[PDB]
Each structure stands twice: as structure tokens, then as C-alpha cells.
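Text of upload.txt (compact mmCIF, N, CA and C atoms) as supplied:
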```
# COMPACT_ATOMS: atom_id res chain seq x y z
N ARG J 200 -2.04 -111.75 23.24
CA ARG J 200 -0.75 -111.59 22.58
C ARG J 200 -0.92 -110.85 21.27
N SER J 201 -1.63 -109.73 21.30
CA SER J 201 -1.79 -108.91 20.11
C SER J 201 -0.42 -108.61 19.52
N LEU J 202 -0.28 -108.81 18.21
CA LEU J 202 1.02 -108.89 17.58
C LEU J 202 1.01 -108.18 16.23
N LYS J 203 2.08 -107.45 15.96
CA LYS J 203 2.31 -106.85 14.66
C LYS J 203 2.94 -107.87 13.72
N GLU J 204 2.69 -107.68 12.42
CA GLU J 204 3.34 -108.49 11.41
C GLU J 204 3.62 -107.64 10.18
N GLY J 205 4.75 -107.91 9.54
CA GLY J 205 5.08 -107.22 8.30
C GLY J 205 5.32 -105.74 8.45
N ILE J 206 5.97 -105.33 9.53
CA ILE J 206 6.38 -103.94 9.76
C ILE J 206 5.32 -102.96 9.26
N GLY J 207 4.05 -103.32 9.40
CA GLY J 207 2.99 -102.44 8.97
C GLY J 207 2.98 -101.14 9.75
N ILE J 208 2.24 -100.17 9.23
CA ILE J 208 2.19 -98.86 9.88
C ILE J 208 1.64 -99.00 11.29
N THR J 209 0.57 -99.78 11.46
CA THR J 209 -0.01 -99.95 12.78
C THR J 209 0.99 -100.60 13.73
N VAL J 210 1.08 -100.07 14.94
CA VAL J 210 1.96 -100.63 15.96
C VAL J 210 1.16 -101.56 16.86
N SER J 211 1.83 -102.56 17.41
CA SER J 211 1.16 -103.49 18.31
C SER J 211 0.63 -102.76 19.52
N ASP J 212 -0.59 -103.12 19.93
CA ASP J 212 -1.27 -102.42 21.01
C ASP J 212 -2.27 -103.39 21.63
N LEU J 213 -2.69 -103.07 22.85
CA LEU J 213 -3.67 -103.89 23.56
C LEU J 213 -4.64 -102.98 24.29
N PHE J 214 -5.92 -103.10 23.94
CA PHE J 214 -7.00 -102.37 24.59
C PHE J 214 -8.07 -103.38 24.98
N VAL J 215 -8.29 -103.55 26.28
CA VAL J 215 -9.18 -104.59 26.80
C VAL J 215 -10.30 -103.93 27.59
N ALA J 216 -11.53 -104.39 27.36
CA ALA J 216 -12.69 -103.87 28.06
C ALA J 216 -13.69 -104.98 28.29
N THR J 217 -14.55 -104.78 29.29
CA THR J 217 -15.69 -105.63 29.54
C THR J 217 -16.93 -104.99 28.93
N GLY J 218 -18.10 -105.55 29.23
CA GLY J 218 -19.33 -104.99 28.70
C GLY J 218 -19.55 -103.56 29.13
N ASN J 219 -19.26 -103.25 30.40
CA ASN J 219 -19.49 -101.93 30.96
C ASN J 219 -18.25 -101.04 30.91
N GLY J 220 -17.14 -101.50 31.48
CA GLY J 220 -15.97 -100.65 31.60
C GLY J 220 -15.35 -100.31 30.26
N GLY J 221 -14.59 -99.22 30.26
CA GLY J 221 -13.89 -98.80 29.06
C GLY J 221 -12.59 -99.55 28.86
N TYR J 222 -12.04 -99.40 27.66
CA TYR J 222 -10.79 -100.07 27.33
C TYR J 222 -9.63 -99.45 28.10
N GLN J 223 -8.71 -100.30 28.54
CA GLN J 223 -7.54 -99.86 29.28
C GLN J 223 -6.35 -99.68 28.34
N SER J 224 -5.44 -98.79 28.74
CA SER J 224 -4.24 -98.49 27.96
C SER J 224 -3.07 -99.24 28.57
N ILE J 225 -2.44 -100.10 27.77
CA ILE J 225 -1.34 -100.93 28.25
C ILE J 225 0.01 -100.27 28.00
N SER J 226 0.24 -99.80 26.77
CA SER J 226 1.50 -99.14 26.47
C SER J 226 1.73 -97.92 27.35
N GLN J 227 0.67 -97.36 27.93
CA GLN J 227 0.80 -96.20 28.81
C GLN J 227 1.61 -96.51 30.05
N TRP J 228 1.84 -97.78 30.37
CA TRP J 228 2.62 -98.20 31.52
C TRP J 228 3.69 -99.20 31.09
N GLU J 229 4.44 -98.82 30.06
CA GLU J 229 5.42 -99.70 29.43
C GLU J 229 6.77 -98.99 29.35
N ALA J 230 7.83 -99.78 29.25
CA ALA J 230 9.19 -99.26 29.05
C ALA J 230 9.42 -99.03 27.55
N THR J 231 8.71 -98.05 27.02
CA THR J 231 8.71 -97.80 25.59
C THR J 231 10.06 -97.28 25.11
N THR J 232 10.42 -97.67 23.89
CA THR J 232 11.67 -97.27 23.26
C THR J 232 11.36 -96.63 21.91
N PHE J 233 11.83 -95.41 21.70
CA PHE J 233 11.67 -94.73 20.43
C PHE J 233 12.98 -94.82 19.65
N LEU J 234 13.07 -94.07 18.56
CA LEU J 234 14.32 -93.92 17.83
C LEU J 234 14.47 -92.47 17.40
N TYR J 235 15.73 -92.07 17.19
CA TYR J 235 16.07 -90.69 16.86
C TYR J 235 16.18 -90.54 15.34
N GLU J 236 15.04 -90.73 14.68
CA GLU J 236 15.01 -90.66 13.22
C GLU J 236 15.52 -89.31 12.75
N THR J 237 16.57 -89.33 11.92
CA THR J 237 17.20 -88.12 11.45
C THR J 237 17.40 -88.20 9.94
N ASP J 238 17.30 -87.05 9.29
CA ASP J 238 17.62 -86.92 7.87
C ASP J 238 19.10 -86.68 7.64
N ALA J 239 19.89 -86.59 8.70
CA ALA J 239 21.31 -86.30 8.55
C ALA J 239 22.00 -87.40 7.75
N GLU J 240 22.97 -86.99 6.93
CA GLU J 240 23.73 -87.97 6.15
C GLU J 240 24.59 -88.84 7.06
N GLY J 241 25.04 -88.31 8.19
CA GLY J 241 25.70 -89.11 9.20
C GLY J 241 24.72 -89.52 10.27
N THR J 242 24.20 -90.74 10.17
CA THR J 242 23.11 -91.15 11.04
C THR J 242 23.55 -91.17 12.50
N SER J 243 22.73 -90.57 13.35
CA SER J 243 22.86 -90.65 14.80
C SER J 243 21.52 -91.06 15.40
N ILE J 244 20.83 -91.98 14.74
CA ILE J 244 19.49 -92.37 15.14
C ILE J 244 19.60 -93.34 16.30
N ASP J 245 19.66 -92.81 17.52
CA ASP J 245 19.83 -93.63 18.70
C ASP J 245 18.50 -94.24 19.14
N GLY J 246 18.60 -95.32 19.91
CA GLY J 246 17.43 -95.96 20.47
C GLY J 246 17.11 -95.42 21.84
N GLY J 247 16.87 -94.11 21.92
CA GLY J 247 16.60 -93.48 23.20
C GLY J 247 15.45 -94.12 23.93
N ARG J 248 15.68 -94.48 25.19
CA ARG J 248 14.63 -95.07 26.01
C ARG J 248 13.52 -94.05 26.23
N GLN J 249 12.37 -94.27 25.59
CA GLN J 249 11.29 -93.29 25.68
C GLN J 249 10.80 -93.15 27.12
N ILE G 540 28.95 -69.02 -10.21
CA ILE G 540 29.52 -67.68 -10.16
C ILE G 540 28.83 -66.82 -11.21
N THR G 541 28.39 -65.63 -10.81
CA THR G 541 27.71 -64.72 -11.72
C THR G 541 27.96 -63.29 -11.28
N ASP G 542 28.35 -62.44 -12.24
CA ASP G 542 28.56 -61.01 -11.99
C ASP G 542 29.54 -60.79 -10.85
N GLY G 543 30.55 -61.65 -10.76
CA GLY G 543 31.51 -61.57 -9.69
C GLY G 543 31.01 -62.11 -8.37
N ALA G 544 29.75 -62.51 -8.28
CA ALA G 544 29.17 -63.11 -7.09
C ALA G 544 28.92 -64.59 -7.34
N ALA G 545 28.70 -65.32 -6.25
CA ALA G 545 28.54 -66.77 -6.34
C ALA G 545 27.50 -67.23 -5.33
N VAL G 546 26.99 -68.44 -5.57
CA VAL G 546 25.99 -69.06 -4.71
C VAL G 546 26.44 -70.48 -4.40
N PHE G 547 26.40 -70.85 -3.13
CA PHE G 547 26.75 -72.20 -2.71
C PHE G 547 25.51 -73.08 -2.71
N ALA G 548 25.68 -74.34 -3.11
CA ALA G 548 24.56 -75.28 -3.14
C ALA G 548 25.13 -76.70 -3.09
N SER G 549 24.87 -77.40 -1.99
CA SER G 549 25.33 -78.78 -1.83
C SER G 549 24.81 -79.29 -0.49
N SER G 550 24.96 -80.59 -0.28
CA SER G 550 24.61 -81.23 0.98
C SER G 550 25.85 -81.30 1.87
N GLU G 551 25.77 -82.09 2.93
CA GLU G 551 26.89 -82.32 3.83
C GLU G 551 27.59 -83.63 3.47
N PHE G 552 28.80 -83.78 3.99
CA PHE G 552 29.56 -85.01 3.81
C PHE G 552 30.77 -84.98 4.73
N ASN G 553 31.00 -86.08 5.43
CA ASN G 553 32.10 -86.17 6.37
C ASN G 553 33.42 -86.31 5.63
N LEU G 554 34.46 -85.72 6.20
CA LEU G 554 35.82 -85.85 5.71
C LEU G 554 36.67 -86.51 6.79
N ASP G 555 37.58 -87.37 6.37
CA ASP G 555 38.38 -88.19 7.27
C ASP G 555 39.86 -88.00 6.97
N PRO G 556 40.73 -88.34 7.92
CA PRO G 556 42.16 -88.19 7.68
C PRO G 556 42.59 -88.95 6.43
N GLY G 557 43.47 -88.32 5.65
CA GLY G 557 43.95 -88.88 4.41
C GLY G 557 43.17 -88.45 3.19
N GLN G 558 41.86 -88.23 3.33
CA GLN G 558 41.05 -87.84 2.18
C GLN G 558 41.55 -86.53 1.60
N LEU G 559 41.46 -86.42 0.28
CA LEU G 559 41.94 -85.26 -0.45
C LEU G 559 40.76 -84.52 -1.05
N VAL G 560 40.68 -83.22 -0.78
CA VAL G 560 39.61 -82.37 -1.30
C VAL G 560 40.13 -81.66 -2.54
N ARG G 561 39.35 -81.70 -3.61
CA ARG G 561 39.76 -81.15 -4.89
C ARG G 561 38.71 -80.18 -5.41
N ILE G 562 39.18 -79.19 -6.16
CA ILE G 562 38.32 -78.21 -6.81
C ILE G 562 38.85 -77.98 -8.22
N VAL G 563 37.95 -77.82 -9.18
CA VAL G 563 38.32 -77.58 -10.57
C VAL G 563 37.35 -76.57 -11.17
N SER G 564 37.85 -75.82 -12.15
CA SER G 564 37.04 -74.88 -12.92
C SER G 564 36.69 -75.53 -14.25
N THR G 565 35.39 -75.75 -14.48
CA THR G 565 34.96 -76.38 -15.72
C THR G 565 35.28 -75.51 -16.93
N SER G 566 35.03 -74.21 -16.83
CA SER G 566 35.18 -73.28 -17.94
C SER G 566 36.26 -72.26 -17.63
N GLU G 567 36.89 -71.75 -18.68
CA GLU G 567 37.94 -70.76 -18.53
C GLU G 567 37.39 -69.47 -17.93
N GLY G 568 38.22 -68.81 -17.14
CA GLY G 568 37.84 -67.55 -16.53
C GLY G 568 39.04 -66.63 -16.41
N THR G 569 38.78 -65.33 -16.51
CA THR G 569 39.81 -64.31 -16.43
C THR G 569 39.41 -63.26 -15.40
N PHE G 570 40.39 -62.78 -14.65
CA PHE G 570 40.17 -61.84 -13.57
C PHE G 570 41.54 -61.38 -13.07
N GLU G 571 41.52 -60.59 -12.00
CA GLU G 571 42.75 -60.22 -11.31
C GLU G 571 43.04 -61.20 -10.18
N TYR G 572 42.08 -61.37 -9.27
CA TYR G 572 42.23 -62.23 -8.11
C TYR G 572 40.86 -62.70 -7.64
N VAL G 573 40.79 -63.97 -7.24
CA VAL G 573 39.58 -64.57 -6.72
C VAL G 573 39.93 -65.30 -5.44
N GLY G 574 39.14 -65.07 -4.39
CA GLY G 574 39.34 -65.72 -3.10
C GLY G 574 38.13 -66.57 -2.75
N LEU G 575 38.39 -67.84 -2.44
CA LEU G 575 37.36 -68.79 -2.04
C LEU G 575 37.74 -69.38 -0.69
N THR G 576 36.85 -69.25 0.28
CA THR G 576 37.07 -69.77 1.62
C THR G 576 35.86 -70.59 2.05
N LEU G 577 36.11 -71.82 2.49
CA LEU G 577 35.07 -72.69 3.00
C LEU G 577 35.09 -72.69 4.52
N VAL G 578 34.20 -73.49 5.09
CA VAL G 578 34.06 -73.60 6.54
C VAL G 578 33.85 -75.07 6.90
N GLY G 579 34.42 -75.48 8.03
CA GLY G 579 34.21 -76.81 8.56
C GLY G 579 33.98 -76.76 10.06
N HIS G 580 33.67 -77.93 10.61
CA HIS G 580 33.49 -78.09 12.05
C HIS G 580 34.30 -79.28 12.52
N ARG G 581 35.17 -79.05 13.50
CA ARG G 581 36.01 -80.09 14.06
C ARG G 581 35.83 -80.13 15.57
N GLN G 582 35.99 -81.32 16.14
CA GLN G 582 35.83 -81.49 17.58
C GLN G 582 37.10 -81.09 18.31
N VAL G 583 36.97 -80.19 19.29
CA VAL G 583 38.12 -79.77 20.06
C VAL G 583 38.70 -80.96 20.79
N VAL G 584 40.02 -81.09 20.76
CA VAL G 584 40.71 -82.22 21.37
C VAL G 584 42.05 -81.75 21.91
N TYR G 585 42.37 -82.16 23.12
CA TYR G 585 43.68 -81.88 23.68
C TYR G 585 44.69 -82.91 23.18
N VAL G 586 45.97 -82.53 23.23
CA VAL G 586 47.06 -83.38 22.77
C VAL G 586 48.26 -83.16 23.70
N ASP G 587 49.33 -83.90 23.42
CA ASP G 587 50.54 -83.83 24.23
C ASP G 587 51.76 -83.50 23.37
```

Rendering of file as C-alpha cells:
Amino acid sequence: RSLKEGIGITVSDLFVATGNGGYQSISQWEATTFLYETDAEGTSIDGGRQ
Amino acid sequence: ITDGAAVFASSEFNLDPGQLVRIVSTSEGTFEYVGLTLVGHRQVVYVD
């Protein structure tokens, strides 16, 4: 349950490996959601489904 | 305004129905005629 705290720069992530195998990418198979960060004075920063 | 020419400088800002737009000249000026035209963007809408 790797977890972010305090809105830090680092985003929550999970990389798991055994002694031999390499770490796997979890967010690579996730329903990720970004935002439409804009400098516009009229914000249209939507939560577009990444 | 300088030498009969002018430069625009400002950010954006939304205008809504009822709001009143005003312009004033800080300092006195003399001339024959001065024309100032702005530009806006409005969403096309049908009506009845």
C-alpha cells in the first residue's frame, strides 16, 4: 500500500521485484487521471481521463 | 499613446451581462479625431 503524504512532489508508485527479476510497472496498467493545468484566468482545468 | 501611435498591454478578463466597461484619459490631450476599437469573442447562439 505504497502511499503519498503531504501532496509532495513524488507521486505514489509501486515497483516490486524479486532477487532475480526486475521491478514491474503498476501504474502502466492503471486508469490514470491527469488534469488540464492551464494558466488561463478562466480555469478550464478538467480531470481528463488519462 | 506616443507620436500618434499606441501600444496595448493587459491580460484577459471575462465580461458578463450587465457589467459596464469604462475608459478614461488620465492626462489632457488635443487632436482632431481619435478612433479606438477593441475586439472580443462571443459564442454564436441561435435565438427566436

Closest contacts (region 201-248 of chain J/region 550-555 of chain G, max 12 Å, only C-alpha atoms) as CSV:
```
residue,atom,partner,partner_atom,distance
J:238,CA,G:551,CA,11.1
J:239,CA,G:551,CA,8.3
J:240,CA,G:551,CA,6.9
J:241,CA,G:553,CA,7.6
J:242,CA,G:553,CA,11.3
```

Please return as number ranges by chain every residue within 6.5 Å of (-0.7, -104.9, 19.0), taking into account all atoms listed in the file and the file's own coordinates.
J: 200-203, 210-213

Point-to-point distance from CA of residue 561 (chain G) to atom C of residue 540 (chain G), Å rounded to tenths
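Atom C of residue 540 (chain G) lies 19.1 Å from CA of residue 561 (chain G).
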
Grab the atom N of residue 545 (chain G) to atom N of residue 562 (chain G) distance for me, in Å with one decimal place.
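Pair atom N of residue 545 (chain G) / atom N of residue 562 (chain G) returns 17.4 Å.
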
Could you tell me how far atom N of residue 209 (chain J) sits from CA of residue 234 (chain J), in Å to one decimal place?
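Computing it gives 16.2 Å between the two atoms.
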